[PDB]
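Okay, so here's the structure we're looking at.
What's counted below: heavy atoms across the whole structure, side chains too, no hydrogens, waters or symmetry copies. Heads up: numbering here begins at 1 and tracks the sequence.
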Amino acid sequence: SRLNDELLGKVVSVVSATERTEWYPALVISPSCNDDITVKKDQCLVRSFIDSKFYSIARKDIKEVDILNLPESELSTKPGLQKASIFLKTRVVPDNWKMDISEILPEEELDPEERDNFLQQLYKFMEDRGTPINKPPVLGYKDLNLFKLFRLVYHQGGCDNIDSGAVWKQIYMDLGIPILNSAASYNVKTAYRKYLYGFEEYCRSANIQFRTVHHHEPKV
């Protein structure tokens, strides 16, 4: 856990639990993204590039703190390791960390592709963590625009930087919900904590960023 902090966001090589000679590539992420797994000292929370699942691992199972300089023969028959190498170099999130946009189910979003990317990653993350999104989330008796909420909270400094119910009330208004009662502030805070806070912690510690939220590519 101080070990977790030292290795945060690294793509690492993990000894397999079922075969002491095999290994798998994994991404070190914040324990704050998963409430259902506990992480002690000299343990790390990782997400597997093989099965997309989360595991708490001890220092003895960290074969390498990186996947650098591996031989071409190693990658030739290891699609998980190819995907992990792409993640390290260019931050392309693997397909198996994404849910199909159809299994989840653009006029206002400036980057509707990035919005879909965001949603596919959030839904797969939520499933793999064990808090899957079964019903379309709702806020103010209307489907919740998850990407927009994420953006609004980011521009306020992230969930943990929000110190006022009045900030949350204005986020609720900035979502375009037309009727505000006295519970609006508490309702959007609670909805954020339920659907997005874990994903915020995960993406930040994973070094995953979205266009039109974290950065801008005007000439793309």
Look only at the side chain of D111 and the backbone of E114, and say whether a donor-acceptor pair between them is shorter than 3.5 Å.
-> yes
Considering all heavy atoms, the nearest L75-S85 contact | CD2-CB, 4.4 Å
Do the non-hydrogen side-chain atoms of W168 and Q156 ever get within less than 4.5 Å of each other?
-> no
Whether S30 side chain and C33 backbone form a donor-acceptor pair below 3.5 Å = no
Qualifying residues under side-chain hydrogen bond (donor to acceptor under 3.5 Å, both in side chains), relative to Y192, sequence neighbours excluded | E200
Is it true that the side chains of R129 and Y202 contain a donor and an acceptor less than 3.5 Å apart?
-> no
Should side-chain heavy atoms under 4.5 Å link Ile, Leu, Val, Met, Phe, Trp and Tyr, which residues sit in the same cluster as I86?
-> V92
Minimum heavy-atom separation for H155 to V213, with atom names?
-> CE1-O, 3.7 Å
Is a side-chain donor or acceptor of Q43 paired with a backbone partner of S56 at a separation under 3.5 angstrom?
-> no
Residue set satisfying side-chain hydrogen bond (donor to acceptor under 3.5 Å, both in side chains) with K142, at least two apart, ordered chain then number -> none
What are the two closest non-hydrogen atoms of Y24 and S48, and how far apart are they?
-> CD1-OG, 3.5 Å
Between atom CG of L146 and atom CZ of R115, what is the distance when rounded to the nearest 0.5 Å?
-> 11.0 Å
For residues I104 and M99, report the shortest heavy-atom separation together with the two atoms involved.
-> CG1-SD, 4.0 Å
Residues that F147 engages under ring-ring contact (aromatic ring centres under 6.0 Å, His included), provided they are two or more places apart | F118
Steps toward salt bridge (charged side-chain N to carboxylate O under 4.0 Å, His left out) verdict (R211, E109) = CA-CA 11 Å; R211 290 184 303 278; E109 279 297 332; over 6 Å; no
Heavy atoms, side chains only, cut-off 4.5 Å: are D143 and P137 in contact?
-> no
Under the salt bridge (charged side-chain N to carboxylate O under 4.0 Å, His left out) test, which residues partner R204, sequence neighbours left out?
-> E201
For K83, check side-chain hydrogen bond (donor to acceptor under 3.5 Å, both in side chains) against everything at least two apart and list the hits.
-> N96
Validation: residues 174-189 side-chain donor-acceptor distances under 3.5 Å, sequence neighbours left out:
{"unit_1": "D174", "atom_1": "OD1", "unit_2": "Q170", "atom_2": "NE2", "d": "2.7"}
{"unit_1": "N181", "atom_1": "OD1", "unit_2": "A183", "atom_2": "N", "d": "3.4"}
{"unit_1": "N181", "atom_1": "OD1", "unit_2": "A184", "atom_2": "N", "d": "3.3"}
{"unit_1": "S185", "atom_1": "OG", "unit_2": "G165", "atom_2": "O", "d": "2.8"}
{"unit_1": "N187", "atom_1": "ND2", "unit_2": "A183", "atom_2": "O", "d": "3.1"}

Got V11 and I67 here, is their nearest side-chain heavy-atom distance under 4.5 Å?
-> yes
So, the side chain of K10 versus the backbone of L8: is there a donor-acceptor pair under 3.5 Å, distance only?
-> no
Scan side-chain atoms only and decide if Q121 and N117 contain a donor-acceptor pair under the 3.5 Å cut-off.
-> yes
Side-chain touch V12/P25, heavy atoms, less than 4.5 angstrom | no
Looking only at heavy atoms, the pair that brings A206 and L27 closest together is CB-CD2, 3.5 Å
Go through the steps to decide whether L45 and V28 satisfy the test side chain to side chain contact (heavy atoms under 4.5 Å, CB included), and finish with yes or no.
-> CA-CA 6 Å; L45 180 65; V28 184; over 6 Å; no
Measure the CG-OG distance between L7 and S1 for me, rounded to the nearest 0.5 Å.
-> 11.0 Å
For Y172, enumerate each residue passing the ring-ring contact (aromatic ring centres under 6.0 Å, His included) test, keeping only those at least two apart in sequence or located in another chain.
-> none
Value for NE2 (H214) from CD (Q209), rounded to nearest 0.5 Å, stands at 5.5 Å
For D160, what residues pass the side-chain hydrogen bond (donor to acceptor under 3.5 Å, both in side chains) criterion, not counting sequence neighbours?
-> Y197
Counting only N and O atoms by type, is there a donor-acceptor contact under 3.5 Å from the side chain of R151 to the main-chain atoms of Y154?
-> no
Keeping the roles fixed (side chain from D100, backbone from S102), state whether a donor-acceptor pair exists under 3.5 Å.
-> no
Partners meeting ring-ring contact (aromatic ring centres under 6.0 Å, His included) with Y55 (sequence neighbours left out) = none
Could you name each residue pair satisfying salt bridge (charged side-chain N to carboxylate O under 4.0 Å, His left out) that touches residues 118-127, not counting sequence neighbours?
-> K124-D128
Rounded distance [0.5 Å steps], OG in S52 versus CH2 in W97 = 7.0 Å
Report yes if the side chains of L122 and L196 come closer than 4.5 Å at any heavy-atom pair, otherwise no.
-> yes
The salt bridge (charged side-chain N to carboxylate O under 4.0 Å, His left out) partners of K78 (sequence neighbours excluded) come to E74
Heavy atoms, side chains only, cut-off 4.5 Å: are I29 and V46 in contact?
-> no
What's the shortest heavy-atom distance between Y195 and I133, and which atoms?
-> CD2-CG1, 4.2 Å
Answer yes or no: is there a side-chain heavy-atom contact under 4.5 Å between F49 and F87?
-> yes
